[PDB]
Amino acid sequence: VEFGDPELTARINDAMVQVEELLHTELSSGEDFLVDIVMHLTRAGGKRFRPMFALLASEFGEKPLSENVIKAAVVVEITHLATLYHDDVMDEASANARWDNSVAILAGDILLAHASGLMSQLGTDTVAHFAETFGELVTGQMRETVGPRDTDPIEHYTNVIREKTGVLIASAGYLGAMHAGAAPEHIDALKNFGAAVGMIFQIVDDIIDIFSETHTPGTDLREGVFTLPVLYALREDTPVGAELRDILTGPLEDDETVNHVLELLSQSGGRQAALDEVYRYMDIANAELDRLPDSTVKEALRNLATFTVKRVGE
């Protein structure tokens, strides 16, 4: 990406190239018929936020951007891609679709095999950390799939994001810093910062989905997914809260009902409630950066979080 420091920008950009090379090698490893399938399902790329965060984190150690830092970053990104493959097959909830599903399940699995190969060269602490991280991630997908049962819907939603999204970003910071040989306190801070940042990104995304116009809103609503601002509004002891409770159980479908709900939400206190929750995570993020030495990298991380927050408020 682009930071204040142009010296930083260049170092990082060079490392991102090394990450992309090793990643491509792994995605294209194996028997022809299998590689063909993986390459056809290749997502067409991404922002690579997770490996970049791992690279930034490594700047706090004695060996920034070293070969094992690049390898850890690739492990994190491979894991990310594997989960997308498995998540996509489940978003699907005749025989040319049952084939498509087998294929993506196996693509996700071969990716995990590749990731494990690299982790074997990174050490058992990485494997242990990965096992916990991937377990959490899978727990988040299961949690989302089963729903809130009879728990508080806001706690459920928070848990789903912490697990499905937060932990892997926390892991990028952890592994980036650890394989750079950073101090334990700094490793821990970057891990915690990643977790807080994961919460910020998702809640901000959810706010935008409901309250913004153009770069149509209400995507989550149509699918029947009620995110933080909606959950807060449904809680209110007001006429708007009451009307939202009475509508948001029945048939979700026609555009007119969706647009009425969207207006109700704009009349509710849900946006600001979600935004205050974003601010609380930003306070957490800032407290973690507090544990790190002042530097342009620290400020680049702070800005990553702050810029996201500013998409929805100040």
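Position 1 is the first residue in the sequence shown; the rest follow in order.
- Unmodelled deposited residues between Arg149 and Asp150: none, per the record.
- The modelled chain breaks after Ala93 and resumes at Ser94, leaving 4 to 9 residues of the deposited sequence without coordinates.
- A summary of the deposited B-factors shows that, of 247 to 255 and 277 to 285, the stretch with the larger mean C-alpha value is 247 to 255.
- If you average the C-alpha B-factors over 265 to 273 and over 38 to 46, the higher value belongs to 38 to 46.
- The top Cα temperature factor in the record, among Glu77, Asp88, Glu236, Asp109, falls on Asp88.
- Comparing C-alpha B-factors across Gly218, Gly241, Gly135, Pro229 in the deposited entry, the largest value falls on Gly218.
- The deposited CA B-factor of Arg162 belongs to the lowest third of values across its chain.
- Looking at the C-alpha B-factors along this chain, the one for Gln18 belongs to the middle third.
- In the deposited entry, the Cα temperature factor of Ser295 sits in the middle third of values across the chain's modelled residues.
- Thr126 sits in the middle third of its chain by CA B factor, as recorded in the PDB entry.
- For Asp32, the recorded CA B-factor ranks within the middle third of the chain. Only modelled residues enter the ranking.
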